[PDB]
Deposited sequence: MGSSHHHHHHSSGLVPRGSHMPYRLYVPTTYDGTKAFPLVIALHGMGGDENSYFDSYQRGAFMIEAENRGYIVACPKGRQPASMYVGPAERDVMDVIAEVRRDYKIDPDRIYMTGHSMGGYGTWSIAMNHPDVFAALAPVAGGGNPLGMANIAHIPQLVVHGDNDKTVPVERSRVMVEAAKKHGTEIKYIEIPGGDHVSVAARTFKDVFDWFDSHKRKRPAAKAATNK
C-alpha cells in the first residue's frame, strides 16, 4: 500500500515529476501527509507541481515494494522519466541511498535526511546529484553516518550539497529542510552519461 499526492494542476496532458518519499521507522504511508509539520511536504508538491508517492516501509522485498510502487505510478500517471526523485527521513534516508545504489539508472536526484549507508556504494551513484541533511546532535543516527557518505561521494566527483545543522537532532531536521529538498529537485534532472 502507498499514498499518493496529485497536484491540482495535473490533468493527464503533460508529464509531471515524481517524488518518492520514504518514512521513518515509526511511520507509515501516511507519515508525510499527517506528520512532518502537518503535511508541509504536500504544500511544496502542490506549489511546485510534483506527484508524490509514499510507500509503506528498505532492503530486499521492501526495496522491491518501492520499485513496484514507482512502476505502478508510471503506468497510471504521465511521469517524466528524467524527473523521478527520492527523499526520506531516518530509516527512509537509509532507504533513499540503498534503493538508488541498487537502481542507479532511475533517479534524477536524491535527498537522504538523517540517514546513512555503505560508503563504498557511492561510486555507483556519483552521476546522481545528492542533497544530504543531518543534524550534528542526532542521538539516533550519528552525524558521522552522513559525513562518511558525503566524504566518499566527493572522492568520485559527485555533485553533492551537504546541510549539516548545528544542534540538529534526529527529527527536527526533516520538515526544516523540505524547501531545500524541493529546491534541489527543481534544479536537477536525470543525467544519463
Self-check item: Stretches with no C-alpha position, numbering per deposited sequence from 1
Solution: 1-21, 79-84, 221-228
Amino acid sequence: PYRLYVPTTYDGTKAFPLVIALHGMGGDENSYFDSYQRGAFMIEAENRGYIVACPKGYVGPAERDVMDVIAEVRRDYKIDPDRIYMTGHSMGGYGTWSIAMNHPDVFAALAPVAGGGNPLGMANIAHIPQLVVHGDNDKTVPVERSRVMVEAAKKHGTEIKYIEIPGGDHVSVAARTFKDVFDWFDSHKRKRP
From here on, numbers count along this sequence of modelled residues.
Quiz item: Between 108-116 and 78-86, which has the higher average C-alpha B-factor in the PDB entry?
Solution: 78-86
Quiz item: Out of 124-132 and 62-70, which one has CA B-factors that are higher on average in the deposited record?
Solution: 62-70
Quiz item: Highest CA temperature factor in the entry: which of 55, 142, 39, 166?
Solution: 39
Practice problem: Have a look at 20, 181, 15, 173 and flag the one whose Cα has the highest B-factor in the entry. | Solution: 15
Quiz item: Ranked by Cα temperature factor within the chain, is residue 158 in the lowest third, the middle third or the highest third?
Solution: lowest
Self-check item: For residue 47, the third of its chain into which the C-alpha B factor falls
Solution: highest
Quiz item: Mind checking which third residue 137 falls in for C-alpha B-factor across the chain?
Solution: middle
Quiz item: Split the chain's modelled residues into thirds by Cα B-factor; is residue 146 in the lowest, middle or highest one?
Solution: lowest
